[PDB]
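Given as structure tokens, the chain that follows is alone and in the form solved without ligand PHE.
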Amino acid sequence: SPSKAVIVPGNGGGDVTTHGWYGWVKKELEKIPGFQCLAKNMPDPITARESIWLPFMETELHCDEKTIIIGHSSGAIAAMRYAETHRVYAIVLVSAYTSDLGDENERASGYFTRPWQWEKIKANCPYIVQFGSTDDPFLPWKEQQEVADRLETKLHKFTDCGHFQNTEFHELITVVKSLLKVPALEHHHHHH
């Protein structure tokens, strides 16, 4: 049973409470009786180092087996790596990808220095939902598709949402509410 949602933003100095759609979503989720939504500015906001973000997610955002982690861009990457070694109720990935995109700041994060442990993630997180747009100026659809295929995510594919940098996100609320009802699990494939 999920007790809270935690928002892990993409990299950048923007204050999480007033940048992008994080704040609006947090307020909408807080309208749900008995629910909570945590969103805090991340340590090392620019480079989003894995060695910094994951420990923060564990002790400061208290990401556990009763948490729905909503990760955006770098935050989606962080949630995926987090799920390789931690059990989580669900992860909602917004604008996920798989490589450093040949970008030095992405490489500096340390998230892409080795292959993705897809099966471990799939085993540690029963519900993986994904939002992605084919017109994302930052990411090649191929990589968003790779995440969808390897994690067998429930994909919400759009064509005009870019990198999801608007201020409201109703569809995300609908997803979180569906997760709170604990939907029936779909037939997936787990391997060694």
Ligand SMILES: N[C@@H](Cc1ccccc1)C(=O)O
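The numbering used is simple: start at 1 and walk along the sequence shown.
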Practice problem: State which stretch shows the higher mean Cα B factor in the entry: 175-183 or 11-19. | Solution: 11-19
Quiz item: What stretch has the higher average Cα B-factor here, 131-139 or 42-50?
Solution: 42-50
Exercise. Just say lowest, middle or highest third for the CA B-factor of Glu28 relative to the other modelled residues in its chain.
Key: lowest
Quiz item: Among the modelled residues of its chain, does the C-alpha B-factor of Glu84 lie in the lowest, middle or highest third?
Solution: middle
Exercise. Within this chain's modelled residues, let me know which third the CA B factor of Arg150 belongs to: lowest, middle or highest.
Key: middle
Exercise. Please rank the C-alpha B-factors of the chain's modelled residues and tell me whether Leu61 sits in the lowest, middle or highest third.
Key: middle
Quiz item: By its CA B factor, does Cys37 count among the lowest, middle or highest third of the modelled residues in the chain?
Solution: middle
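There is another form of this protein, the form solved in complex with ligand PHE, and it is not shown here; the text below is about that form.
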Exercise. Please pick, from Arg49, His156, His163, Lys26, the one residue with any non-hydrogen atom lying within 4.5 angstroms of ligand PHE in the deposited complex.
Key: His163
Self-check item: Contacting member of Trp141, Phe138, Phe35, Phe56, with respect to ligand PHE in the deposited complex [4.5 Å, heavy atom]
Solution: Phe138
Practice problem: Would you please decide whether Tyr82 lies within 4.5 angstroms of ligand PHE in the deposited complex, comparing each non-hydrogen atom pair? | Solution: no
Practice problem: Spell out, yes or no, whether the shortest heavy atom distance between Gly20 and ligand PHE in the deposited complex is within 4.5 Å. | Solution: no
Self-check item: Contact flag, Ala108 vs ligand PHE in the deposited complex, heavy atom cut 4.5 Å
Solution: no
Quiz item: Any chance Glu119 has a heavy atom within 4.5 Å of ligand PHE in the deposited complex?
Solution: no
Quiz item: Thinking of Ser74, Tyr97 and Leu101 as one candidate spot, does ligand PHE come within 4.5 Å of a heavy atom in every one of them in the deposited complex?
Solution: yes
